[PDB]
Amino acid sequence: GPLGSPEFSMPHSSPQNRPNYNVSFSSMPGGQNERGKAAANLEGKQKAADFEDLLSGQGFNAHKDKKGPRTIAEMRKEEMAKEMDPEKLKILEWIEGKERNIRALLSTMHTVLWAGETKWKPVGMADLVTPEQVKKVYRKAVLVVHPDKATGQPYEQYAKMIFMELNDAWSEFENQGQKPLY
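Per the deposited numbering, the very first residue in the sequence shown carries number 1; after that it's consecutive.
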């Protein structure tokens, strides 16, 4: 100091304002702008703290979500609890069986469809030894759950469950399927 030239001259005081995060790179300010014609905004999201106390010991057993993995599946975790109908429960057992073997998921999906679909022709486990057999049927398997046939229909929740799963392992089938699978 007596001759040098320290950077921070002040001893320990420099109230900062409110530095922003960054420029408008890729983030909206708050909700979409063009909401509707009625630009008369006024209401506001209040404290919806009236929907979280339900996780207060879902059971007298012992389980608490805390430090753990972080997959995008932790979100859909609600869709599964959106309707634990005793018919959908069968699906939860089907996916946990092998959500990494698309060849079987589309060849075993018939054991978990809704009562009514009679056009599905079960795939003989022997008729999936090549990708042309899978990719060719993966197209029809998707037709079985095309939204139009699952619009507001009693099994409308089933489509979203099997529609995404079929497309979930398919992403892995490209990496896991393009390899000796037999």
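Using N, Cα and C, we set each Cβ at its ideal position, and we do this for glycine too.
So the candidates are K47, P86 and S56; which of them puts its Cα closest to the Cα of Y158? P86
Where does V134 land, buried or exposed, given buried means 16+ other C-beta within 10 angstroms? buried
Compute the distance between the beta-carbons of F173 and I102, then report whether it is under 7 angstroms. yes
Check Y21 in the structure and name its three-state DSSP category. coil
If you check the beta carbons only, do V123 and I91 fall under 7 angstroms apart? no
Look at the alpha carbon of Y138 and the alpha carbon of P29, and state the distance between them as a whole number of angstroms. 41 angstroms
Buried or exposed: which applies to residue 219, given that a residue is buried once 16 or more other Cβ atoms fall within 10 Å of its Cβ? The question about residue 219 has no answer here: the residues shown for the chain are numbered 1 through 182.
Measure the beta-carbon distance from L106 to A141 and round it to whole angstroms, keeping in mind my assumption that it falls under 8 angstroms. 4 angstroms
Pairwise C-alpha distance: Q16 and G4: 26 angstroms
Quick one: residues in its chain with C-beta nearer than 6 angstroms to the C-beta of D127, no 5 flanking neighbours on either side, listed in chain order? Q133
Is DSSP giving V142 helix, strand or coil here? helix
Give the straight-line distance between the Cα atoms of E34 and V145, rounded to the nearest whole angstrom. 33 angstroms
Among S171, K66, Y155 and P19, whose alpha-carbon lies nearest the alpha-carbon of residue 203? Residue 203 is absent from the structure shown; the chain starts at 1 and stops at 182.
Contact under 7 angstroms by Cβ, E165 with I95: yes
Supposed close pair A169, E99 - CB separation, criterion 8 angstroms: 6 angstroms
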